[PDB]
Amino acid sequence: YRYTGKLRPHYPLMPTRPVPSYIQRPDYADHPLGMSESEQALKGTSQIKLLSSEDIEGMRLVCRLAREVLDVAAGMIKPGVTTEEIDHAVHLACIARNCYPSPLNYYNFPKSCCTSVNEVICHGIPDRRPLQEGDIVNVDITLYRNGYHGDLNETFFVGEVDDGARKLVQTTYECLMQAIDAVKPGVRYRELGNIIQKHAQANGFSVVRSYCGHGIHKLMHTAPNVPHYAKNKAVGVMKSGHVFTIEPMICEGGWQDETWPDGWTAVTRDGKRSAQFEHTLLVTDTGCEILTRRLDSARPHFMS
């Protein structure tokens, strides 16, 4: 395999971490290839669940706890910390909240969160590499509680970063937030990519095509598929009671991605940097409720 940049995996990985049996597990947790029967049973469906009130309470709770766990990871970000160390803390923090770390064995993903450094677009696997001054790192958290998943991510600065890193991360965040600000009933899901790409391109960045935002609730990934680029053909129209993510990945160079031999780590084909933010959203009537928002502080961690 020819790496696209400077980053390399740092093996070996620690033995997978067990989750105590008192924590409720999603279907894929014990499937030998980590396949989710319940997702496979709706594969290729465009229909979007309208959440009951009970479903809404369930999502509020899991997304709140997911934010708490992300905040834990955010407090650990500094030079010399490894991504495995971050994942270990996340793993214990999920268990402390009586939640299952959704990534763990999802289609055999080996860890409890995703750590994506520099040219990694998403789904980086926590490993023995220590964070370096000047890196940007995304941590993606997903928790499962009482049958519901809640999903968010942020990109962080490790020490001081260069102006390009600052502008990439800020623009990405603005892309997310401009998309969220358009969410309300009657808006087509395919419109969000128009908005995101417009802002990205205005600042000289590209928008990853291969990965999309998604419905989420009882399933981790389900309808709708929510592309982040312009002139996409996503199916469906927002309605009160819909729950889904928006998670744009924006890049300094070209948009094209490829995957490491591990089967997960997605990297820019050009080796330039990519950044991401993600929220889980509920469509209401005034608009939308950001289920994964911070409750105690105005801004994402990178500003703070």
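Residue numbers here begin at 1 and follow the sequence given.
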207-215 or 225-233, whichever carries the higher mean Cα B-factor: 225-233
Mean Cα B-factor comparison, 37-45 or 58-66, giving the higher one as deposited: 37-45
Candidate set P101, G159, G150, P110 [ranked by C-alpha B-factor, highest]: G159
From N146, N105, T82, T115, residue of greatest CA B-factor: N146
Where the record places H279 (Cα B-factor, split into thirds across the chain): lowest
Where the record places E247 (Cα B-factor, split into thirds across the chain): lowest
Relative C-alpha B-factor of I95, binned into the chain's lowest, middle or highest third: middle
Third of chain Cα B-factors occupied by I23: middle
Ranked C-alpha temperature factor of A202 among modelled chain residues, by third: highest
